[PDB]
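Below is one structure, written out as C-alpha cells; the observations come after it.
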Amino acid sequence: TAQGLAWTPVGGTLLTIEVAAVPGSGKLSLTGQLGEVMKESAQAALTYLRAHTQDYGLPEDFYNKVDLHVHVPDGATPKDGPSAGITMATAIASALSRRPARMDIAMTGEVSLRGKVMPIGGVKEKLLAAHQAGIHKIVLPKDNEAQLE
Amino acid sequence: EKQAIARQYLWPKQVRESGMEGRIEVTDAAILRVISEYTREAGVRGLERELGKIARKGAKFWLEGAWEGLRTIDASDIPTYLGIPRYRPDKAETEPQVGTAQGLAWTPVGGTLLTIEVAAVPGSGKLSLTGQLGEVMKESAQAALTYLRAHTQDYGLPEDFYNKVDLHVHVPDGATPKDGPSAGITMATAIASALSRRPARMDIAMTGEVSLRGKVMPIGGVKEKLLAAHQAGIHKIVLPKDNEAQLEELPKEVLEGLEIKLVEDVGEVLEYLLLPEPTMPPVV
Amino acid sequence: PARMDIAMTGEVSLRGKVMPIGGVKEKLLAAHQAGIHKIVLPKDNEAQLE
Amino acid sequence: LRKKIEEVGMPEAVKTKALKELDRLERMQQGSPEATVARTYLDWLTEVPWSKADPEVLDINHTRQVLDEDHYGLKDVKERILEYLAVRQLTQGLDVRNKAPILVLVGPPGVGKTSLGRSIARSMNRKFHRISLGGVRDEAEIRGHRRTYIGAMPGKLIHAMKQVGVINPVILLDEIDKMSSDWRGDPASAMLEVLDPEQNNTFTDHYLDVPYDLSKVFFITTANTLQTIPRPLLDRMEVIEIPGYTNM
Amino acid sequence: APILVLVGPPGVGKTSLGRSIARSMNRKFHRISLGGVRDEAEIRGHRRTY
Amino acid sequence: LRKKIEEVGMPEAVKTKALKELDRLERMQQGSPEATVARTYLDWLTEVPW
Ligand SMILES: *[B]([O])([O])[C]([C]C1=[C][C]=[C][C]=[C]1)[N]C(=O)[C]([C]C1=[C][C]=[C][C]=[C]1)[N]C(=O)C1=[C]N=[C][C]=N1
Ligand SMILES: *[B]([O])([O])[C]([C]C1=[C][C]=[C][C]=[C]1)[N]C(=O)[C]([C]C1=[C][C]=[C][C]=[C]1)[N]C(=O)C1=[C]N=[C][C]=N1
Ligand SMILES: Nc1ncnc2c1ncn2[C@@H]1O[C@H](COP(=O)(O)OP(=O)(O)OP(O)(O)=S)[C@@H](O)[C@H]1O
Ligand SMILES: Nc1ncnc2c1ncn2[C@@H]1O[C@H](COP(=O)(O)OP(=O)(O)O)[C@@H](O)[C@H]1O
C-alpha cells in the first residue's frame, strides 16, 4: 500500500494505491476504472522491477508464479494520468518483498524503464491537499523544485 | 532568426511602447533564455508578449525607486521579471547506456529529441509496446524485431530469444501521442543493444525507416530534426543515403558543425553505434 | 451455509476494508417491507440513519 | 432648453445640431408620433458630460493601500494590475493610444472579479459604472437607433457616460464571453470600434451624430474563458488569470 | 499569373509583408478579416425591401 | 411589369398565374411586407428564359 496525490479541478485529493500478490501464473489485473496511460505506467514500473530483481530482495521468478492485482479505490470514479508511477512502484515492491511501506509520506512522480523520475504537473494543489490532511513529508521529482515557490 | 528579430525589430518597439527609453536593456543570453524557456510557437507573437512583460516590470521598478542611467538585465534576472520557467529544454546524454538509443522527432512547431528505451527480461517471447504509440510505429517495431530474429549470428544475439525473452519498448513520456515510421532504425539499435548486452553511443542521433530485409528507406522533415539535434548539442547524425539531396536546405554553419554519416543497410548502423564488448550478464 | 435473514451492503477494497455507500434510506425501507430485521452496514454510514 | 444649451461644455458642431429645434416648434402639444424624439434628443444632447473631469491619482503606493484593505490574497493579480497602472501613468502622448493592452480578468465563477473592478475604480478616485454584455447580439444594442424611427434608443455607453459627469470614468465590460454571434449580427465590430483607442475618438451613434470623449475612459473586461472571444478582439488584450482560492 | 495567397502559421509576418508591398508601390492598405458571419449573405448585401 | 409579362415567354398556365398574381399585387397597398414578396416573385418569373 502506498499514499498518492491527485489533481481535481477544485483542488487536490489523497488516493491510496493497494496491490496484492497471490500465487498464480503471472497475470496482471488492473481495476478501479483506470485509463490507458495509467495502465501503461503500471506496466513500466513492473518491468523495471523485473529487471532489477536482486537489488530489492524480490523473489527470483515471480514473473510466472505470482498473479498481481492493482486496485485503486474507489470504483465508479474514473482515474487517469501518468503521475502515479513511483507510487505503483512502491506498492508493487512492498507487496512482492513483504516489506511494509510508510503511509505517513505522500509521493508523486512519473517513472520510465531505466528508473528515472520525470516531472509532473499540478504540484501546488497536491501539496496543499497533503498538508491540510496531516501529512508532513513529500517525495517529489528534482525537476519540480522550480514550482515550490 | 527569432534572436535576430527580437534584437532588431521587437525589443526597441516594446521598450518605446512601454515608456522606457534607454533606462533599461537586455543582453543576448536573456533573449535566448526567454525564447527557449517561455515560448513554444512557430510564429513570434508570444516572444513579443514576453518582452512587453519585461518592459512593464522595468517600468514598475522605475516608478518604485528610480536609478541612474542604464540597467542591463542578465540571464539570471529573467525569473525575477517573468516568474517560473514554464518549459524545459531537451538535454543530450553523454554516457553509453545499454538498451537505449537517441531518436529525432518532428512537430509542426519544431523538431524535438526522443529516447527509445528497451528492457529485455526473462519470460516467454512476448512483446509489449507502451508510450501511446500508433499503429505504424508498432508495425515498425515488429519489422525491426523480425530482421533481428533472422540475423542472430551476425550480431552476437542469443540463439533462442524468440521464446525465452520478453521485450518491452517504451518511449517517454507516456502522455503524448507518438506516431510514424521514421524511427525504424532507432528501435533496431535499441533492441539489439538490449539483447546483446552491449552499450549504445548516445552521442549520435539517428532516423530512417527499415524494411524487413534491412534496407534504410528515406524519411521526411530532415531540416527540423537536424536543427533540433544541433541546438541540443549533438554533432553526429546517421541518415539514409536517399536524403543526401536534402542537406542543401540547412544553414552553412549548422552543416559545418555536424558530422553526417549516410547509410543504406542496417548493419552499417549496428556496426557504428554498438560498443564491441558486453558489459552486463545476459538475460537467460 | 450463509444465513439469509440478514441483508447486507457495502463496498469492498483489496485489503478487506469496507467503504461507505449511497442510498441507505431506500435500501433499509425496502428491507423492512420484506420482513428482514438484521442489517450489515459500513461504519461510515451511521451518520445517515438519522 | 435654449437656457439649458448655451451653458458650459459643448463643441460647435454640437451647437449647429443644437439650433435644430427652434423651428421644430409645434408638433408636440398636439401629436405627434415623432415629436418627443427631438425633445428627448436635445435632452440627451445637453445631458452627456462635457469638459468636467476628476483629477486622478496614479500613485502605485496609494493603489496598494487601496487594494489591500478591500481584498485578501490575490497578491500576484494585484501586482500585474499595478504593472498595468504603472505603464498607464508612465506613457503620455505617443504609445499610450497606439497600444492599450486592455485588461482581461479570467477565472471561474465565484472569485472576486467585479469587486476588483470597483476597487480599481475607487483607487483612482474615479466614478465606476458596470455594463454587462450577457445576451448582447446586435450592433444597435451598442450603437444607437436611428431617430427617424418611433423607438430610437442610444447605446449602453451613452448611459454609462450620462450616469457620472466625469469625462473619463472607469467602465467594466462584464462577461464578453457571452456575446453570441450568428447570421445577421454581432456587435464585436462595434466593440473593436469603441475599444481600440485610435478610432474611438471619432465615435458616433445612430441616434446622436457628434464625436465623443472616449479617449482616456478606462476600460476593464472580464471573462470566464478565452476560446469564445473573437480573434480581432484578441489582439488588443492582456490577460490576467485568477485561479481560485485556498482553504485558508 | 494568378491570385497570390500567403500560407503559414500565425505569428509569422503575413500582414506586415502586405504593408511592405503596399508601401513599396505607394498604394493604401486595408484588411477585411472575413469569417465573422456564417453565410454568403454578408459578402453581398441585402436590398432596401428587407 | 405587365408589358414585360406579356412580351417574354410564356406557357399559358404560367401566364394566367402571373397575371392573377399581378392583379393581387395591384389591389394591395405598397410598402406592406405582403407586397415585397409578390414583387420579388414576379421579378423572378419575368427574367428567367422561356
Ligand atoms: B498525475 O498524472 O498528475 C495524476 C494521476 C493520478 C494520481 C493519483 C491517483 C490516480 C491518478 N493525474 C491526476 O491527478 C488525475 C487528473 C489528471 C489526469 C491527467 C492529466 C492531468 C490531470 N486525477 C485523477 O484521475 C482523479 C480521479 N479522481 C479524483 C481526482 N483525480
Ligand atoms: B518520423 O515519422 O519522421 C517521426 C516518427 C517518430 C518516431 C519516434 C518518435 C517520435 C516520432 N515522426 C514524428 O516525429 C511524428 C510526426 C510524423 C508522424 C507520422 C508520419 C510522419 C510524421 N511526430 C511525433 O510523433 C511527435 C512529435 N512531437 C512529440 C511527440 N510525438
Ligand atoms: N478574494 C476575495 N476577497 C473578498 N471577497 C471576495 C473575494 N472573492 C470573492 N469575494 C466575494 O464574493 C462575492 C461574489 O463575488 P462576484 O464577483 O460576484 O463573483 P463572480 O465570480 O465575479 O461571479 P460571476 O458570476 O463569475 S460574474 C462578493 O461578495 C465578493 O466580495
Ligand atoms: N521576418 C520578420 N522580420 C521582422 N519582423 C517580423 C518578421 N516576422 C514577424 N515579424 C513581426 O511580428 C509581427 C507579427 O504580426 P502579423 O504579421 O500580424 O502576424 P500574422 O501575420 O501571423 O497575423 C509583425 O508586426 C512583425 O513586425
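Numbering starts fresh at 1 for the residues of each chain in the C-alpha cells, the chains themselves are lettered A, B, ... in the order given, and ligands are numbered from 1 as they appear.
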
Check which residues fall inside 9 Å of ligand 2 when counting only C-alpha atoms and all ligand atoms, and print them as a VMD selection string. chain B and resid 103 to 116 133 to 134 136 to 137 171 173 176 to 184 186 to 187 207 to 209 219 to 222 225

Would you list the residues that come within 6 Å of ligand 4? Count only C-alpha atoms and all ligand atoms and give the answer as a VMD selection string. (chain B and resid 5 9 44) or (chain E and resid 10 to 16)

Counting only C-alpha atoms, a student should be able to say which residues of chain A come within 12 Å of chain C; what is the right answer, written as a PyMOL selection string? chain A and resi 1+16-22+30-32+68-76+95

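Taking CA of residue 247 in chain B and CA of residue 228 in chain B as endpoints, the distance between them is 14.5 Å.
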
Output the neighbourhood of ligand 1 as a ChimeraX atom specification, that is, all protein and nucleic acid residues with some atom at most 10 Å from the ligand, counting only C-alpha atoms and all ligand atoms. /A:3-17,32-35,37-38,41,72-74,76-85,87-88,107-110,119-123,125-126 /B:174-175

Report as a ChimeraX atom specification all protein, DNA and RNA residues lying within 9 Å of residue 49 in chain E, evaluated on only C-alpha atoms, omitting residues in the same chain fewer than 5 positions from it. /F:31,33,36

Sel. of alpha helix (DSSP H) residues, range 164-196 of chain B, as a ChimeraX atom specification: /B:184-196

Keeping only N, CA and C atoms, take the residues you just selected and write them out as an mmCIF file, in the first residue's frame.
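Saved the output as out.cif:
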```
data_model
loop_
_atom_site.group_PDB
_atom_site.id
_atom_site.type_symbol
_atom_site.label_atom_id
_atom_site.label_comp_id
_atom_site.auth_asym_id
_atom_site.auth_seq_id
_atom_site.Cartn_x
_atom_site.Cartn_y
_atom_site.Cartn_z
ATOM 1 N N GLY B 184 12.457 3.684 -37.653
ATOM 2 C CA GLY B 184 12.691 2.233 -37.800
ATOM 3 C C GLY B 184 14.058 1.810 -37.287
ATOM 4 N N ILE B 185 15.095 2.618 -37.532
ATOM 5 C CA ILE B 185 16.494 2.241 -37.161
ATOM 6 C C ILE B 185 16.714 2.367 -35.649
ATOM 7 N N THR B 186 16.225 3.443 -35.028
ATOM 8 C CA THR B 186 16.414 3.679 -33.605
ATOM 9 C C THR B 186 15.961 2.478 -32.790
ATOM 10 N N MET B 187 14.819 1.903 -33.161
ATOM 11 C CA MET B 187 14.328 0.719 -32.476
ATOM 12 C C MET B 187 15.201 -0.490 -32.750
ATOM 13 N N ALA B 188 15.750 -0.600 -33.956
ATOM 14 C CA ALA B 188 16.654 -1.704 -34.233
ATOM 15 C C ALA B 188 17.961 -1.582 -33.479
ATOM 16 N N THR B 189 18.424 -0.364 -33.209
ATOM 17 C CA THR B 189 19.632 -0.204 -32.409
ATOM 18 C C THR B 189 19.364 -0.527 -30.947
ATOM 19 N N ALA B 190 18.238 -0.040 -30.424
ATOM 20 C CA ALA B 190 17.915 -0.231 -29.015
ATOM 21 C C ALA B 190 17.635 -1.693 -28.687
ATOM 22 N N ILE B 191 16.925 -2.404 -29.568
ATOM 23 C CA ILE B 191 16.606 -3.807 -29.304
ATOM 24 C C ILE B 191 17.862 -4.666 -29.371
ATOM 25 N N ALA B 192 18.755 -4.358 -30.311
ATOM 26 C CA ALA B 192 19.982 -5.134 -30.442
ATOM 27 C C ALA B 192 20.921 -4.894 -29.274
ATOM 28 N N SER B 193 20.975 -3.658 -28.778
ATOM 29 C CA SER B 193 21.801 -3.383 -27.610
ATOM 30 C C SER B 193 21.224 -4.023 -26.361
ATOM 31 N N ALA B 194 19.900 -4.036 -26.237
ATOM 32 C CA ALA B 194 19.273 -4.661 -25.089
ATOM 33 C C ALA B 194 19.414 -6.169 -25.100
ATOM 34 N N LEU B 195 19.412 -6.794 -26.268
ATOM 35 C CA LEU B 195 19.547 -8.238 -26.333
ATOM 36 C C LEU B 195 20.983 -8.717 -26.261
ATOM 37 N N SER B 196 21.948 -7.936 -26.731
ATOM 38 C CA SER B 196 23.327 -8.393 -26.751
ATOM 39 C C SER B 196 24.185 -7.818 -25.641
#
```
